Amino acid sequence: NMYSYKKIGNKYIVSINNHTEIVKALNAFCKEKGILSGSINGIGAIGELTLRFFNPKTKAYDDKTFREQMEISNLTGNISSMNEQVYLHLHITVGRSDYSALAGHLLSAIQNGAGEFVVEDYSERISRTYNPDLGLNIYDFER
């Protein structure tokens, strides 16, 4: 049990449990509800954050972990699939204790407070295809 939720039409209001890794939980939620595609938005507070910064020129990537209290001012992302497997693409903006903002591609975050997310289910297959030139999985609406 990583969350509780309420279904309202095509949306789920998801309350993630405290001290839970949010990305793991959102993936679990989408797998347990069989969500094909959709959006994820929300807010909350965290005690750990890992962001990834990808360099398209060299293909190097940097994963930075912050270990401090932060407020999620916005988590924005989408749901799709690859080979029928849930694929989340989530970005995030957070505020530190001095109100300065950090932002980027979200890999993980550990809740420390509330975690209030809206998951909209589009009920529609949306797939991605790996682009070997970019090293990225890009939307592919015709597959």
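Quick note: we count residues from 1 along the sequence shown, nothing fancier.
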* Asked: Taking the entry's C-alpha B-factors for this chain, is residue 46 in the lowest, middle or highest third?
  -> lowest
* residue 89, C-alpha B-factor rank within chain (lowest, middle or highest third) -> middle
* Structure fact -> Binned into thirds over the chain's modelled residues, the C-alpha B-factor of residue 119 lands in the highest
* To do: For residue 67, return the chain-relative third of its C-alpha B-factor as stated in the PDB record: lowest, middle or highest.
  => lowest
* Asked: Relative to the other modelled residues in the chain, which third contains the C-alpha temperature factor of residue 23: lowest, middle or highest?
  -> lowest
